[PDB]
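Undergrad: Sharing a structure with you now.
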Amino acid sequence: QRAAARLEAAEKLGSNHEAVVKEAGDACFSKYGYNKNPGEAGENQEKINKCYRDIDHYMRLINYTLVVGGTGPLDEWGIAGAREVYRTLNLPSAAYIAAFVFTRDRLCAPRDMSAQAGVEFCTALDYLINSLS
Ligand SMILES: *[C@@H](C)[C@H]1/C(=C/c2[nH]c(/C=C3N=C(/C=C4\NC(=O)C(CC)=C4C)C(C)=C\3CCC(=O)O)c(CCC(=O)O)c2C)NC(=O)[C@@H]1C
Ligand SMILES: *[C@@H](C)[C@H]1/C(=C/c2[nH]c(/C=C3N=C(/C=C4\NC(=O)C(CC)=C4C)C(C)=C\3CCC(=O)O)c(CCC(=O)O)c2C)NC(=O)[C@@H]1C
């Protein structure tokens with residue numbers, strides 16, 4: 001009666017995330033090509049190599065969100081305490097939000113998923129964009 005909407009999306013993301021996560025990655029370091037700089041967020045392939053894990057992680061908990069229904073998994077396992085431990089590491093908040101809008105911008109209904117499926121695929125990416133600010 002409702003599930004199908006969220007369901008389809010999660011599966012869609014499920015079978016194709018490494019291509020959407022990586023996609024976001026490159027774009028993330030496009031708006032902030034200064035992170036590459038020496039002594040910066042992804043200066044070296046080990047701090048830029050793992051930063052990609054953080055993208056699969058946020059999208060990881062989204063498959064789980066649109067399956068249990070709400071933003072339950074995403075929450076505790078990535079909504080608060082993750083953000084001001086970045087403050088501890090000096091991992092900018094605007095950098096994390098750079099992957100999201102791109103992810104949310106790229107969608108398409110006839111080509112990538114569906115009409116109703118998408119507006120909720122963008123509901124948990126925006127639910128995260130808002131949480132990071
Ligand atoms: C409508 C938004 C605009 C449009 C889109 C467009 N998308 C691609 C290619 C990709 N975009 C995606 C996005 C996803 N794939 C998924 O399965 C999911 C589910 C989580 C999403 C939202 C990805 C990863 C790609 C690369 C792989 C692929 O071809 O599927 C293109 C191809 C050209 C390009 O990369 O720019 C296009 C045409 N076209 C417009 O210009 C629209 C306004
Ligand atoms: C691009 C987006 C940014 C980037 C990221 C970056 N990540 C870290 C360190 C951590 N990021 C996470 C994220 C999670 N860990 C979790 O446990 C969860 C929730 C279950 C998630 C989603 C965490 C917690 C850490 C820290 C501790 C650890 O080593 O595991 C780093 C490295 C840190 C350092 O002090 O060297 C990086 C590089 N880097 C960028 O360029 C961006 C701004």
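Residue numbers start at 1 in each chain; chains themselves are named A, B, ... in the order of the structure tokens; ligands are numbered from 1 in the order shown.
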Show me which residues line ligand 2, defined as having an atom within 6 Å of a ligand atom where only C-alpha atoms and all ligand atoms count, and present them as number ranges by chain.
TA: A: 35, 41-42, 47-48, 50-51, 54, 57-58, 77-78, 82, 89, 91-92, 95-96
Undergrad: List the spatial neighbours of segment 21-28 of chain A as a list in words - criterion: any atom at most 7 Å away, only C-alpha atoms, same-chain residues fewer than 3 positions off excluded.
TA: residues 17, 18, 31, 32, 52, 55, 56, 95, 98, 99, 102 and 103 of chain A
Undergrad: Residues within 7 Å of ligand 1 (only C-alpha atoms and all ligand atoms), as a list in words?
TA: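 Checked against 7 Å with only C-alpha atoms and all ligand atoms; the hits are residues 9, 12, 13, 16, 17, 19, 20, 23, 103, 105, 106, 107, 108, 112 and 113 of chain A.
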Undergrad: Could you tell me how far atom CA of residue 59 of chain A lies from atom CA of residue 46 of chain A, in Å and to one decimal?
TA: 20.6 Å
Undergrad: By how many Å are atom CA of residue 36 of chain A and atom CA of residue 87 of chain A apart?
TA: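 About the pair atom CA of residue 36 of chain A and atom CA of residue 87 of chain A: they are 18.5 Å apart.
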Undergrad: Check the smallest atom-to-atom distance from each of A:122, A:3, A:132, A:62 to residue 93 of chain A using only C-alpha atoms, then report the winner.
TA: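 Selected residue with least distance to residue 93 of chain A: A:132.
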Undergrad: What's around residue 100 of chain A at 7 Å? Count only C-alpha atoms, leave out sequence neighbours fewer than 4 positions away in its own chain, and write the answer as a ChimeraX atom specification.
TA: /A:104,125,129
Undergrad: Take the selection from the previous step and output its residues with N, CA and C atoms, as a CSV table (one decimal), in the first residue's frame.
TA:
```csv
chain,number,residue,atom,x,y,z
A,104,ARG,N,21.5,14.0,-4.8
A,104,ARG,CA,20.1,14.4,-4.9
A,104,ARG,C,19.7,15.0,-6.2
A,125,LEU,N,18.3,12.1,1.7
A,125,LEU,CA,19.5,12.7,1.4
A,125,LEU,C,19.4,14.2,2.0
A,129,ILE,N,21.3,16.3,4.7
A,129,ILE,CA,21.8,17.7,4.4
A,129,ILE,C,21.5,18.7,5.5
```
Undergrad: Quick check, in Å to one decimal: how far apart do atom CA of residue 64 of chain A and atom CA of residue 10 of chain A lie?
TA: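 Atom CA of residue 64 of chain A sits 7.6 Å away from atom CA of residue 10 of chain A.
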Undergrad: Write out as a PyMOL selection string all residues of chain A that backbone DSSP assigns to helix (DSSP H, G or I).
TA: chain A and resi 3-15+18-31+51-68+86-89+93-106+115-121+123-132
Undergrad: Which residue is closest to residue 117 of chain A? Choose from A:66, A:45, A:15, A:38 and count only C-alpha atoms.
TA: A:66
